[PDB]
Amino acid sequence: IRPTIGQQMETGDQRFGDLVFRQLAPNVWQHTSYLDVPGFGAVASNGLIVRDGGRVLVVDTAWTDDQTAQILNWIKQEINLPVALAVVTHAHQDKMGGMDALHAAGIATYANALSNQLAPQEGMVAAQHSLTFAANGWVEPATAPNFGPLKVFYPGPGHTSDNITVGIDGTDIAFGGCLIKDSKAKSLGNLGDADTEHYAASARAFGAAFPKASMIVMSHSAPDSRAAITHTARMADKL
Ligand SMILES: CC1(C)S[C@H]([C@@H](C=O)NC(=O)Cc2ccccc2)N[C@H]1C(=O)O
Ligand SMILES: [Cl-]
Ligand SMILES: [Zn+2]
Ligand SMILES: [Zn+2]
Ligand SMILES: [Zn+2]
């Protein structure tokens with residue numbers, strides 16, 4: 001789609017409307033949507049789709065309701081199984097812009113309690129359910145019922161104070177959202193809402209939470225190696 005930011009199209013990718021889908025594993029797909037900033041071009045944002053038996057789980061919306069409805073259409077066409085729930089990884093437009101489409105479809109939505117509290121101030125609609133976390137960052141399991149392979153971890157403040165991450169159990173994939181940047185990145189992206197003091201520790205805590213994940217998925221670059229984690233932390237060390 002030639003985005004100004006985000007990965008470019010490659011052989012594995014499937015174009016569907018204005019979105020791009022890439023299979024990462026037999027049961028995991030990356031969804032990519034684009035926001036056109038006037039005079040600046042398209043910014044890509046990635047999330048995940050995970051099949052868990054007879055149901056589908058989603059991580060992050062697209063930028064908009066319409067794009068998010070297109071994700072649901074793609075799932076309907078290509079997988080033809082119901083979406084059980086969606087997790088959104090913090091209260092910004094690239095991750096929560098499409099909440100209304102999820103709610104219209106009857107899909108149960110989950111976010112960090114802090115994301116839900118921040119959502120009005122960030123121009124977002126809150127998720128219908130709040131996740132809470134232990135002092136070491138692991139989600140309280142009572143707040144994440146029937147999450148299947150999704151293992152939710154709060155690594156500490158970084159890109160935002162509310163950013164969360166998700167490992168996919170039964171695979172070697174973990175999703176760092178906007179916290180993690182790729183191994184070739186020259187910046188940490190938008191630090192406007194960031195905690196620059198704690199960023200490096202939070203990036204490394206994500207790595208330690210999922211020590212055997214070899215494929216690191218993130219919001220604005222193609223999936224990368226664990227060097228994404230180490231490079232992000234090294235960049236954050238200089239903050
Ligand atoms: C890609 C970014 C630099 S922008 C994005 C986030 C702000 O965090 N911003 C939004 O979601 C709102 C937005 C609206 C219109 C155009 C760009 C961003 N996330 C940043 C990041 O991951 O580093
Ligand atoms: Cl903002
Ligand atoms: Zn953000
Ligand atoms: Zn803000
Ligand atoms: Zn982002």
# chains A, B, ... in the order shown; residues from 1 in each chain; ligands from 1
$ residues_around --residues "residue A:12" --least-positions-apart "6" --cutoff "10 Å" --atoms "only C-alpha atoms" --output "ChimeraX atom specification"
/A:21-24
$ residues_near_ligand --ligand "ligand 3" --cutoff "9 Å" --atoms "only C-alpha atoms and all ligand atoms" --output "VMD selection string"
chain A and resid 89 to 95 159 to 160 163 177 to 179 190 to 194
$ closest_residue --among "A:123, A:81, A:87, A:57" --to "ligand 2" --atoms "only C-alpha atoms and all ligand atoms"
A:123
$ residues_around --residues "residue A:41" --least-positions-apart "5" --cutoff "7 Å" --atoms "only C-alpha atoms" --output "list in words"
residues 3, 4 and 36 of chain A
$ write_last_selection --atoms "C-alpha atoms" --output "PDB file, in the first residue's frame"
ATOM      1  CA  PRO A   3       2.841   3.484   3.675  1.00  0.00           C
ATOM      2  CA  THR A   4       5.098   6.310   4.825  1.00  0.00           C
ATOM      3  CA  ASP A  36      -3.533   8.884   5.686  1.00  0.00           C
TER       4      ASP A  36
END
$ closest_residue --among "A:214, A:121, A:45, A:14" --to "residue A:227" --atoms "only C-alpha atoms"
A:214
$ closest_residue --among "A:108, A:114, A:83, A:119" --to "ligand 2" --atoms "only C-alpha atoms and all ligand atoms"
A:119
$ atom_distance --atom1 "atom CA of residue A:181" --atom2 "atom CA of residue A:40"
20.3 Å
$ select_by_dssp --residues "stretch 26-83 of chain A" --states "strand (DSSP E or B)" --output "ChimeraX atom specification"
/A:28-37,41-52,55-59,83
$ select_by_dssp --residues "stretch 28-230 of chain A" --states "helix (DSSP H, G or I)" --output "MDAnalysis selection string"
chainID A and resid 65:78 93:96 99:104 113:122 141:143 199:209 227:230
$ closest_residue --among "A:99, A:166, A:59, A:200" --to "residue A:216" --atoms "only C-alpha atoms"
A:166
$ closest_residue --among "A:183, A:132, A:30, A:202" --to "residue A:228" --atoms "only C-alpha atoms"
A:183
$ atom_distance --atom1 "atom CA of residue A:20" --atom2 "atom CA of residue A:103"
22.4 Å
$ residues_around --residues "residue A:131" --least-positions-apart "3" --cutoff "8 Å" --atoms "only C-alpha atoms" --output "list in words"
residues 110, 111, 112, 113, 139, 140, 143 and 144 of chain A
$ atom_distance --atom1 "atom CA of residue A:9" --atom2 "atom CA of residue A:221"
11.4 Å
$ residues_around --residues "residue A:237" --least-positions-apart "6" --cutoff "12 Å" --atoms "only C-alpha atoms" --output "ChimeraX atom specification"
/A:158,188,196-204,230-231
